[PDB]
Structures are given as C-alpha cells and as structure tokens.
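Here's a solo chain for you in structure tokens, the form deposited in one PDB entry.
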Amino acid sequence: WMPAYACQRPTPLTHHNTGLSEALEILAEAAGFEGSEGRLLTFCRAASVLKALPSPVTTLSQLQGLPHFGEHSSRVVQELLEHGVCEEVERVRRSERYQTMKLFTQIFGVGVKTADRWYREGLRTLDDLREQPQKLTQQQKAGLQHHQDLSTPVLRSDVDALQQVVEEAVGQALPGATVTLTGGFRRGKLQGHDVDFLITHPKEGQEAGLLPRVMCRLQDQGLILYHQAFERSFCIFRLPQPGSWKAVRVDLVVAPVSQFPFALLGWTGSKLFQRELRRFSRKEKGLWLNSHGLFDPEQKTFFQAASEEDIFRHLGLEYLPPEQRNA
C-alpha cells in the first residue's frame, strides 16, 4: 500500500511521525556531510515514507513491507520506540564534526566541500572565518555578514509585501510579466529559509533578457543587499521591519511561458519530491524531466504542457497539489 517513489504518494506538510522522520533526517544530513549521497538518499526516503503514513508508527512490525526500511533505518526507529532516543542519532547531534559542518554549510556561499576543507584546516566557528576574510569569496562574505538575519525564518506574513515590491519592478521591466510564489510557501509552509518567485510573460519570447532589467530596478530602489545574461538570481533583499529592516534571501527565476509548468513544478519542490519525480520519469517511463521540459529520448521530442496537471498525466501519475508534495 506504499509505493517506492515519493512522487507516487501524497505527503502532507504536517503528519503523524514527526519525531521519527526528524531522527532519520539527521542521519541523512550527516551522510551528506561525509559525501555519501546514496546513504543520504536512503535516509531521506525512509523519513519521507513515514511522513506519508496515515497514523503514528507505534510498533516495529508496522515497518514491515515499507519501502526504504532495511536493517539500519528499522533499528533507528526501534530504539526511538523503545527508549525515546536513538544512540547513533544523539552521537551525531553532539559531534563536533556534525555541528561544525552544519554551521558552515548554513552560510550562503558555502557548500559541503568548502565546509569540509575549512573543518580539516581546524576552523570551527563563524568568528574563525571572520578573522581570515582573505579566504572568503564575495558571496561568502555577504553570507557571513548577513548570517544572523538569514538564520531567522521568513514568515508567510512577510511574503505578500515582498511579492508586491517584486511585481512593481517586474511591471516596469516588462509590462504584463507575472510573478508567481513558488518554493516551500507554495506547498503551504508558514515559514521558509527564503522566498522563491517564478517570473514569466504570456507572450512567448517577451521574457528574454528580463531578469537583468528586474535586478537593475530592484537595485535602483535600494532593496538589494547582495546579488551577483541570466535567468536565475539568488539575492539578499532588504525587508522592512518595525523601525528597521532585516536581510532576507530571495530567489528569482524567469521562464518562457512554454516552460512555465515545468519550472513551476520544479521550483515548487520539495527538493526530495523533485529528485524522486525525475528519477521516476527516467527509470520508470524512460523520459527525461527537468525545470525546462520533459524529453522523449527515443522520439527526440519534448512534451508540451499547459499545466502541472499535464505533466503528472504525461508521467502516468495521479495529480498531487503542492500541499501534498512535502516529501
């Protein structure tokens, strides 16, 4: 009753196995810090299966026949069920390696490879990085300066104000261009690490060259604290607060209207949902999916899609609204 791919089942935002999924996601995250993508994937998938269940797991036998639960993930769940704690998970949580890789990778501009190199060099804290700013890219300097504000959740109640401001710049850049809220907030999240906006125009081709024009207008209005022909922009925005403001991460992406359904599907996530959807497409359907389109490598043809609904149908999957893509 549980399909193996996350895109084959509804996954709501809130569920009945929160503590169990969070524990497996710690192990997934730690696998990622050690460069083990496959283990990261298995722990993420196992976590996701639990989010999709209709009630709490209370006994080990309820894991029988669930995909992605083998000896390791089952043992994690068993210890949590028996003791309220999994020793392996706690050991990871308090390790200096986990805590520091987590701290470093949280910085905008720093990925696993950079964090790891710094870790091997003996660096442990944000102050360690600040003291040697010679070793930092301009992106990382911005990420580090703004780190405190960027560690504060963006609130859904912030989002409408930002969208209006983006729409104003977009409207001047290209009348008729639209802004669509994507990312976690579109899946119903009440908080986020950033705000993701997808921009298009109803007349195919009119959107060419649009993003630089948008960015120049936003920067002219004094709203851009950081940004770097292009179609994706990862920036840090000045967001008004009572008597002051805070720095917020905002992503902008432009797609032609022909590709909009694919870009909307990709940017709406979740990240695991999209990886599973793409894996499903390729391995089960022999079709190649990305945020631009869906390709049949035998006919050498692209599927036209007018909606996300079209794409789920192309792939032979039941439609899932964004709120059920929280894999």
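Take the two forms, find the largest set of C-alpha atoms that superpose within 1.5 Å, and that set is the rigid core. So that there is no doubt, residue numbering starts at 1 and follows the sequence shown.
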item: Deposited residues omitted from coordinates between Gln228 and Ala229, as a class; value: 10 or more
item: 86-94 versus 143-151 - which carries the larger mean C-alpha B factor in the record; value: 86-94
item: Between the two ranges 295-303 and 31-39, the one averaging a larger CA B factor in the entry; value: 295-303
item: Candidate residues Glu167, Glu204, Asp196, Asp220, the one whose C-alpha B factor the record puts highest; value: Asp220
item: Residue with maximal Cα B-factor (values as given in the PDB entry) among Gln274, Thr58, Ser48, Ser281; value: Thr58
item: Third of the chain, ranked by Cα B-factor, where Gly65 sits; value: highest
item: Third of the chain's Cα B-factor distribution that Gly111 belongs to, per the entry; value: middle
item: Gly192 CA temperature factor, ranked by third within the chain; value: lowest
item: Ranked C-alpha temperature factor of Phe237 among modelled chain residues, by third; value: middle
item: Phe104 - Cα temperature factor, lowest/middle/highest third of chain; value: middle
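Not on display, but discussed next: the form deposited in another entry.
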| item | value |
| --- | --- |
| Residue from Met101, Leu181, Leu81, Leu211 whose Cα, after superposing the rigid core, lies 2 Å or more away between this form and the one not shown | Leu211 |
| Displaced residue check between this form and the one not shown: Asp220, CA, 2 Å or over, core reference | yes |
| Post core alignment: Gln148 C-alpha displaced by 2 Å or more between this form and the one not shown | no |
| Rigid core superposed: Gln172 CA moves 2 Å or more between this form and the one not shown | yes |
